[PDB]
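Text of the file coords_23.cif, holding mmCIF, C-alpha atoms:
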```
data_structure
#
loop_
_atom_site.label_atom_id
_atom_site.label_comp_id
_atom_site.auth_asym_id
_atom_site.auth_seq_id
_atom_site.Cartn_x
_atom_site.Cartn_y
_atom_site.Cartn_z
CA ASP J 3 7.36 -5.18 11.29
CA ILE J 4 4.55 -2.84 10.27
CA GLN J 5 5.30 0.56 8.81
CA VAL J 6 2.68 3.25 8.22
CA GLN J 7 3.46 6.49 6.38
CA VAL J 8 1.08 9.39 6.32
CA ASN J 9 1.00 12.46 4.11
CA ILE J 10 -1.52 15.15 5.00
CA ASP J 11 -1.98 17.90 2.44
CA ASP J 12 -3.66 20.85 4.17
CA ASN J 13 -3.02 23.08 1.12
CA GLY J 14 -0.41 25.86 1.33
CA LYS J 15 1.36 23.58 3.78
CA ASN J 16 2.12 19.88 4.11
CA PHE J 17 2.82 17.30 6.83
CA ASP J 18 4.58 13.89 6.68
CA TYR J 19 5.32 11.38 9.40
CA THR J 20 5.85 7.69 9.95
CA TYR J 21 5.38 5.16 12.70
CA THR J 22 6.80 1.68 12.78
CA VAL J 23 4.69 -0.67 14.91
CA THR J 24 4.54 -4.39 15.67
CA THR J 25 0.83 -5.20 16.08
CA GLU J 26 -2.44 -4.52 14.30
CA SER J 27 -3.62 -2.84 17.49
CA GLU J 28 -0.79 -0.25 17.46
CA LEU J 29 -1.49 0.32 13.81
CA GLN J 30 -5.16 0.98 14.60
CA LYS J 31 -4.23 3.52 17.26
CA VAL J 32 -2.26 5.58 14.72
CA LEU J 33 -5.20 5.52 12.31
CA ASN J 34 -7.64 6.47 15.11
CA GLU J 35 -5.50 9.46 15.99
CA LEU J 36 -5.46 10.45 12.36
CA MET J 37 -9.22 10.03 11.98
CA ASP J 38 -9.88 12.25 15.02
CA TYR J 39 -7.63 14.89 13.51
CA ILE J 40 -9.22 14.71 10.09
CA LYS J 41 -12.75 14.83 11.51
CA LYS J 42 -11.85 17.91 13.52
CA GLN J 43 -9.40 19.84 11.27
CA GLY J 44 -9.91 18.45 7.77
CA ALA J 45 -7.45 18.27 4.90
CA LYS J 46 -7.27 18.95 1.17
CA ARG J 47 -5.92 15.42 0.63
CA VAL J 48 -4.50 12.48 2.62
CA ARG J 49 -2.14 9.66 1.59
CA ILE J 50 -1.58 6.52 3.69
CA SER J 51 0.96 3.74 3.05
CA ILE J 52 1.12 0.55 5.03
CA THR J 53 3.98 -1.91 4.53
CA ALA J 54 3.21 -5.58 5.21
CA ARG J 55 5.38 -8.70 5.35
CA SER J 56 2.72 -10.92 3.74
CA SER J 57 -0.16 -11.04 1.32
CA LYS J 58 -2.61 -11.85 4.13
CA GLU J 59 -1.53 -8.65 5.88
CA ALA J 60 -1.68 -6.67 2.64
CA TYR J 61 -5.25 -7.83 2.08
CA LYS J 62 -6.00 -6.86 5.67
CA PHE J 63 -4.31 -3.47 5.30
CA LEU J 64 -6.34 -2.71 2.18
CA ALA J 65 -9.54 -3.49 4.05
CA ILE J 66 -8.32 -1.25 6.85
CA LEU J 67 -7.56 1.68 4.57
CA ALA J 68 -11.08 1.24 3.14
CA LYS J 69 -12.82 1.59 6.53
CA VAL J 70 -10.62 4.56 7.35
CA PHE J 71 -11.68 6.56 4.30
CA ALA J 72 -15.31 5.38 4.61
CA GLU J 73 -15.52 6.63 8.16
CA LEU J 74 -14.02 9.95 7.00
CA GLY J 75 -16.41 10.20 4.07
CA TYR J 76 -13.32 10.28 1.88
CA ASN J 77 -13.32 9.17 -1.73
CA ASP J 78 -10.64 6.61 -2.55
CA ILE J 79 -9.19 8.67 -5.44
CA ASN J 80 -5.94 6.68 -5.84
CA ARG J 81 -4.42 3.30 -5.01
CA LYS J 82 -1.17 1.52 -5.70
CA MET J 83 1.24 -1.13 -4.53
CA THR J 84 4.95 -1.46 -4.15
CA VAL J 85 6.54 -4.90 -3.93
CA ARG J 86 10.13 -4.97 -2.76
CA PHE J 87 12.18 -8.14 -3.17
CA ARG J 88 15.70 -8.72 -1.92
CA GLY J 89 18.04 -11.54 -2.96
CA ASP J 90 21.63 -12.57 -3.71
CA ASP J 91 20.95 -14.63 -6.80
CA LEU J 92 20.59 -11.96 -9.49
CA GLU J 93 19.09 -14.57 -11.77
CA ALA J 94 16.33 -15.40 -9.26
CA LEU J 95 15.61 -11.70 -8.82
CA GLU J 96 15.26 -11.15 -12.57
CA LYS J 97 12.88 -14.15 -12.84
CA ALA J 98 10.73 -12.68 -10.06
CA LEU J 99 10.63 -9.40 -12.03
CA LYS J 100 9.74 -11.04 -15.33
CA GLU J 101 6.75 -12.84 -13.85
CA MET J 102 5.60 -10.15 -11.42
CA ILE J 103 5.21 -7.63 -14.19
CA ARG J 104 3.63 -10.05 -16.64
CA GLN J 105 0.85 -10.80 -14.17
CA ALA J 106 0.24 -7.10 -13.47
CA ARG J 107 0.11 -6.17 -17.14
CA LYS J 108 -2.19 -9.20 -17.57
CA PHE J 109 -4.63 -7.39 -15.27
CA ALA J 110 -4.17 -4.14 -17.25
CA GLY J 111 -1.99 -2.64 -14.54
CA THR J 112 0.91 -0.31 -15.31
CA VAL J 113 4.25 -1.13 -13.67
CA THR J 114 7.35 0.79 -12.71
CA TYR J 115 10.55 -0.86 -11.46
CA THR J 116 14.13 -0.45 -10.35
CA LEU J 117 16.83 -3.09 -9.72
CA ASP J 118 19.78 -2.01 -7.65
CA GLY J 119 22.28 -4.49 -6.25
CA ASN J 120 20.36 -6.84 -3.95
CA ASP J 121 17.16 -4.79 -3.90
CA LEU J 122 14.32 -4.97 -6.40
CA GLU J 123 11.36 -2.58 -6.40
CA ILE J 124 8.12 -2.85 -8.34
CA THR J 125 5.32 -0.29 -8.24
CA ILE J 126 1.92 -1.12 -9.68
CA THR J 127 -0.77 1.45 -10.41
CA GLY J 128 -4.11 1.96 -12.11
CA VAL J 129 -5.97 -1.18 -11.05
CA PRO J 130 -8.90 -1.74 -8.69
CA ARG J 131 -8.43 -2.95 -5.12
CA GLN J 132 -9.48 -6.49 -6.16
CA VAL J 133 -6.42 -6.81 -8.42
CA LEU J 134 -3.86 -5.52 -5.91
CA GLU J 135 -5.14 -8.29 -3.69
CA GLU J 136 -4.34 -10.90 -6.34
CA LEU J 137 -0.99 -9.38 -7.17
CA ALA J 138 -0.12 -9.54 -3.49
CA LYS J 139 -0.96 -13.25 -3.56
CA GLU J 140 1.28 -13.63 -6.58
CA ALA J 141 4.11 -11.60 -5.04
CA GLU J 142 4.21 -13.76 -1.92
CA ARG J 143 3.98 -16.81 -4.11
CA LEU J 144 6.99 -15.65 -6.19
CA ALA J 145 9.01 -14.67 -3.13
CA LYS J 146 8.66 -18.25 -1.91
CA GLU J 147 9.37 -19.82 -5.32
CA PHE J 148 12.69 -17.97 -5.66
CA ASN J 149 13.56 -17.74 -1.97
CA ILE J 150 13.81 -13.99 -1.79
CA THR J 151 12.58 -11.79 1.03
CA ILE J 152 9.55 -9.65 0.23
CA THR J 153 7.81 -6.44 1.30
CA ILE J 154 4.33 -5.27 0.30
CA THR J 155 3.29 -1.63 0.48
CA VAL J 156 -0.32 -0.66 -0.09
CA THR J 157 -0.94 2.99 -0.70
CA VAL J 158 -4.19 4.88 -0.75
CA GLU J 159 -4.81 8.54 -1.44
CA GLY J 160 -8.17 10.22 -0.86
CA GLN J 161 -9.98 13.51 -0.36
CA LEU J 162 -13.27 14.49 1.32
CA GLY J 163 -16.25 13.36 -0.78
CA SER J 164 -19.84 14.52 -1.34
CA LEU J 165 -22.38 14.52 1.46
CA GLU J 166 -24.76 12.64 -0.82
CA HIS J 167 -22.23 9.90 -1.69
CA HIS J 168 -21.30 9.11 1.93
CA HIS J 169 -24.96 8.33 2.66
#
```

Can the structure from this file be put into structure tokens for me?
Amino acid sequence: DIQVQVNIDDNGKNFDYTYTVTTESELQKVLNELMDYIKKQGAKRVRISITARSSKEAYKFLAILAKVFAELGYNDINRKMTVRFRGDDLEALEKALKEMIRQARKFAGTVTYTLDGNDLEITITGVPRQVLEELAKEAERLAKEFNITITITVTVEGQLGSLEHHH
């Protein structure tokens, strides 16, 4: 249901792990554990990905990543989104692609994509949080219009910021 992937770069070494969880509450408990660790041990850089089933959750997950970095005094240095569609009608899949990437380029975003069999993957970078929220809306919209399943991954990468900026 909900998948959260964490990369912690503690320079010279590197740690990756993933939990799958079913509620927002279990999600929060993973993030709390990670905040405690960061507060107490630090890191050169941290990357967090959360995979939603809907645009409402994606919106919520982006707001949750924001509080996480705020609390840590981390600067949001990097954000992206991966939409994954899956379908049997190739033609429907290719229509979803055509429109998904038009919209993203319309908001000055850069896209990357791969189509393989039933699975279709689109990564969007270089746009502010506000846009990724819209493009999630659009993605869910398109998934419904073409009757294809959909995944939404929001990804944030940050590092510890200035004392002055946190204040």

Practice task
Could you jot down the CA of residue 52 (chain J) to CA of residue 31 (chain J) separation for me, Å, one decimal place?
Solution key: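 Between CA of residue 52 (chain J) and CA of residue 31 (chain J) the gap works out to 13.7 Å.
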
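Selection check: the PyMOL selection byres ((chain J and resi 89) around 7) on the shown file gives residues 87, 88, 90, 91, 95, 120, 121, 150 and 151 of chain J.
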
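Here CA of residue 43 (chain J) is placed at a distance of 17.6 Å from CA of residue 159 (chain J).
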
Exercise for the section: Name the residues in contact with residue 137 (chain J) at a cut-off of 10 Å, using all atoms listed in the file, excluding same-chain residues fewer than 3 positions from it; report them as a ChimeraX atom specification. Expected result: /J:57,83,85,102-103,105-106,109,126,132-134,140-143

Please produce a file of the residues just selected, as an mmCIF file, in the coordinates of the input, where the atoms kept are C-alpha atoms.
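Saved result, again-v4.cif, follows:
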```cif
data_model
loop_
_atom_site.group_PDB
_atom_site.id
_atom_site.type_symbol
_atom_site.label_atom_id
_atom_site.label_comp_id
_atom_site.auth_asym_id
_atom_site.auth_seq_id
_atom_site.Cartn_x
_atom_site.Cartn_y
_atom_site.Cartn_z
ATOM 1 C CA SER J 57 -0.160 -11.040 1.320
ATOM 2 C CA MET J 83 1.240 -1.130 -4.530
ATOM 3 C CA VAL J 85 6.540 -4.900 -3.930
ATOM 4 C CA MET J 102 5.600 -10.150 -11.420
ATOM 5 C CA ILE J 103 5.210 -7.630 -14.190
ATOM 6 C CA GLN J 105 0.850 -10.800 -14.170
ATOM 7 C CA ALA J 106 0.240 -7.100 -13.470
ATOM 8 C CA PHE J 109 -4.630 -7.390 -15.270
ATOM 9 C CA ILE J 126 1.920 -1.120 -9.680
ATOM 10 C CA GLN J 132 -9.480 -6.490 -6.160
ATOM 11 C CA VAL J 133 -6.420 -6.810 -8.420
ATOM 12 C CA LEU J 134 -3.860 -5.520 -5.910
ATOM 13 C CA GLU J 140 1.280 -13.630 -6.580
ATOM 14 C CA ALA J 141 4.110 -11.600 -5.040
ATOM 15 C CA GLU J 142 4.210 -13.760 -1.920
ATOM 16 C CA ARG J 143 3.980 -16.810 -4.110
#
```

Problem - Option closest in space to residue 97 (chain J), from J:50, J:72, J:67, J:145 [counting only C-alpha atoms] - result: J:145

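Our summary of the geometry notes that CA of residue 56 (chain J) is positioned 18.4 Å from CA of residue 68 (chain J).
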
Practice task
Report as a list in words the full result of the PyMOL selection byres ((chain J and resi 158) around 8) when it is applied to this structure.
Solution key: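 Taken on the displayed file, the PyMOL selection byres ((chain J and resi 158) around 8) yields the residues residues 49, 50, 51, 67, 78, 79, 80, 81, 82, 156, 157, 159 and 160 of chain J.
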
Extending 4 Å beyond the listed atoms of region 72-82 of chain J on each side, what axis-aligned box results? I want centre and edge lengths in Å to one decimal, as AutoDock Vina command-line options.
```
--center_x -8.8 --center_y 5.9 --center_z 1.2 --size_x 23.2 --size_y 16.8 --size_z 22.0
```

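Residues lying within 9 Å of residue 20 (chain J), counting only C-alpha atoms and ignoring same-chain neighbours fewer than 4 positions away, are residues 5, 6, 7, 8 and 9 of chain J.
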
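Among J:18, J:122, J:168, J:46, the residue with the shortest atom-to-atom distance to residue 153 (chain J), counting all atoms listed in the file, is J:122.
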
Spatial neighbours of residue 75 (chain J), max dist 10 Å, only C-alpha atoms, sep filter under 6 positions, as a PDB file with C-alpha atoms, in the frame of the given file:
```
ATOM      1  CA  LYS J  41     -12.750  14.830  11.510  1.00  0.00           C
ATOM      2  CA  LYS J  69     -12.820   1.590   6.530  1.00  0.00           C
ATOM      3  CA  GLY J 160      -8.170  10.220  -0.860  1.00  0.00           C
ATOM      4  CA  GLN J 161      -9.980  13.510  -0.360  1.00  0.00           C
ATOM      5  CA  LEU J 162     -13.270  14.490   1.320  1.00  0.00           C
ATOM      6  CA  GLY J 163     -16.250  13.360  -0.780  1.00  0.00           C
ATOM      7  CA  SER J 164     -19.840  14.520  -1.340  1.00  0.00           C
ATOM      8  CA  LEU J 165     -22.380  14.520   1.460  1.00  0.00           C
ATOM      9  CA  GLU J 166     -24.760  12.640  -0.820  1.00  0.00           C
ATOM     10  CA  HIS J 167     -22.230   9.900  -1.690  1.00  0.00           C
ATOM     11  CA  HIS J 168     -21.300   9.110   1.930  1.00  0.00           C
ATOM     12  CA  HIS J 169     -24.960   8.330   2.660  1.00  0.00           C
TER      13      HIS J 169
END
```

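Against this structure, the PyMOL selection byres ((chain J and resi 25-30) around 9) ends up with residues 3, 4, 5, 6, 21, 22, 23, 24, 31, 32, 33, 34, 35 and 66 of chain J.
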
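If you measure from each of J:129, J:10, J:110, J:144 to residue 44 (chain J) using only C-alpha atoms, the closest one turns out to be J:10.
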
Practice task
Go through J:92, J:99, J:60, J:74 and flag the residue nearest residue 138 (chain J), using only C-alpha atoms for the distances.
Solution key: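 Under the stated criterion, the closest residue is J:60.
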
What would region 138-159 of chain J look like with N, CA and C atoms restored, written as a PDB file, in the frame of the given file?
```pdb
ATOM      1  N   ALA J 138      -0.824  -9.279  -4.738  1.00  0.00           N
ATOM      2  CA  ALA J 138      -0.120  -9.540  -3.490  1.00  0.00           C
ATOM      3  C   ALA J 138       0.069 -11.047  -3.342  1.00  0.00           C
ATOM      4  N   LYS J 139      -1.002 -11.796  -3.597  1.00  0.00           N
ATOM      5  CA  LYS J 139      -0.960 -13.250  -3.560  1.00  0.00           C
ATOM      6  C   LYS J 139       0.214 -13.735  -4.403  1.00  0.00           C
ATOM      7  N   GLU J 140       0.262 -13.239  -5.631  1.00  0.00           N
ATOM      8  CA  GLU J 140       1.280 -13.630  -6.580  1.00  0.00           C
ATOM      9  C   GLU J 140       2.682 -13.291  -6.070  1.00  0.00           C
ATOM     10  N   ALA J 141       2.827 -12.085  -5.527  1.00  0.00           N
ATOM     11  CA  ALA J 141       4.110 -11.600  -5.040  1.00  0.00           C
ATOM     12  C   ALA J 141       4.673 -12.520  -3.957  1.00  0.00           C
ATOM     13  N   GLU J 142       3.811 -12.897  -3.020  1.00  0.00           N
ATOM     14  CA  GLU J 142       4.210 -13.760  -1.920  1.00  0.00           C
ATOM     15  C   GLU J 142       4.540 -15.126  -2.468  1.00  0.00           C
ATOM     16  N   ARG J 143       3.728 -15.567  -3.416  1.00  0.00           N
ATOM     17  CA  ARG J 143       3.980 -16.810  -4.110  1.00  0.00           C
ATOM     18  C   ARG J 143       5.396 -16.795  -4.709  1.00  0.00           C
ATOM     19  N   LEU J 144       5.692 -15.778  -5.524  1.00  0.00           N
ATOM     20  CA  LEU J 144       6.990 -15.650  -6.190  1.00  0.00           C
ATOM     21  C   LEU J 144       8.147 -15.548  -5.204  1.00  0.00           C
ATOM     22  N   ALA J 145       7.940 -14.836  -4.107  1.00  0.00           N
ATOM     23  CA  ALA J 145       9.010 -14.670  -3.130  1.00  0.00           C
ATOM     24  C   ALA J 145       9.422 -16.041  -2.605  1.00  0.00           C
ATOM     25  N   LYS J 146       8.426 -16.897  -2.403  1.00  0.00           N
ATOM     26  CA  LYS J 146       8.660 -18.250  -1.910  1.00  0.00           C
ATOM     27  C   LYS J 146       9.329 -19.128  -2.975  1.00  0.00           C
ATOM     28  N   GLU J 147       8.827 -19.049  -4.204  1.00  0.00           N
ATOM     29  CA  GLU J 147       9.370 -19.820  -5.320  1.00  0.00           C
ATOM     30  C   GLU J 147      10.858 -19.546  -5.593  1.00  0.00           C
ATOM     31  N   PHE J 148      11.315 -18.326  -5.328  1.00  0.00           N
ATOM     32  CA  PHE J 148      12.690 -17.970  -5.660  1.00  0.00           C
ATOM     33  C   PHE J 148      13.517 -17.719  -4.407  1.00  0.00           C
ATOM     34  N   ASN J 149      12.911 -17.966  -3.253  1.00  0.00           N
ATOM     35  CA  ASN J 149      13.560 -17.740  -1.970  1.00  0.00           C
ATOM     36  C   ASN J 149      14.195 -16.362  -1.883  1.00  0.00           C
ATOM     37  N   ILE J 150      13.357 -15.340  -1.997  1.00  0.00           N
ATOM     38  CA  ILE J 150      13.810 -13.990  -1.790  1.00  0.00           C
ATOM     39  C   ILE J 150      12.889 -13.365  -0.770  1.00  0.00           C
ATOM     40  N   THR J 151      13.425 -12.494   0.077  1.00  0.00           N
ATOM     41  CA  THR J 151      12.580 -11.790   1.030  1.00  0.00           C
ATOM     42  C   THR J 151      11.650 -10.855   0.291  1.00  0.00           C
ATOM     43  N   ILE J 152      10.541 -10.480   0.916  1.00  0.00           N
ATOM     44  CA  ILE J 152       9.550  -9.650   0.230  1.00  0.00           C
ATOM     45  C   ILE J 152       8.903  -8.637   1.157  1.00  0.00           C
ATOM     46  N   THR J 153       8.568  -7.477   0.599  1.00  0.00           N
ATOM     47  CA  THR J 153       7.810  -6.440   1.300  1.00  0.00           C
ATOM     48  C   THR J 153       6.604  -6.075   0.448  1.00  0.00           C
ATOM     49  N   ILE J 154       5.479  -5.742   1.072  1.00  0.00           N
ATOM     50  CA  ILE J 154       4.330  -5.270   0.300  1.00  0.00           C
ATOM     51  C   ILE J 154       3.780  -3.954   0.845  1.00  0.00           C
ATOM     52  N   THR J 155       3.835  -2.907   0.032  1.00  0.00           N
ATOM     53  CA  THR J 155       3.290  -1.630   0.480  1.00  0.00           C
ATOM     54  C   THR J 155       2.016  -1.305  -0.262  1.00  0.00           C
ATOM     55  N   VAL J 156       0.932  -1.151   0.486  1.00  0.00           N
ATOM     56  CA  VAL J 156      -0.320  -0.660  -0.090  1.00  0.00           C
ATOM     57  C   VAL J 156      -0.527   0.817   0.214  1.00  0.00           C
ATOM     58  N   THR J 157      -0.900   1.551  -0.817  1.00  0.00           N
ATOM     59  CA  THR J 157      -0.940   2.990  -0.700  1.00  0.00           C
ATOM     60  C   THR J 157      -2.250   3.518  -1.206  1.00  0.00           C
ATOM     61  N   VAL J 158      -2.917   4.288  -0.366  1.00  0.00           N
ATOM     62  CA  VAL J 158      -4.190   4.880  -0.750  1.00  0.00           C
ATOM     63  C   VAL J 158      -4.111   6.386  -0.557  1.00  0.00           C
ATOM     64  N   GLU J 159      -4.745   7.106  -1.474  1.00  0.00           N
ATOM     65  CA  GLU J 159      -4.810   8.540  -1.440  1.00  0.00           C
ATOM     66  C   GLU J 159      -6.285   8.931  -1.614  1.00  0.00           C
TER      67      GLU J 159
END
```
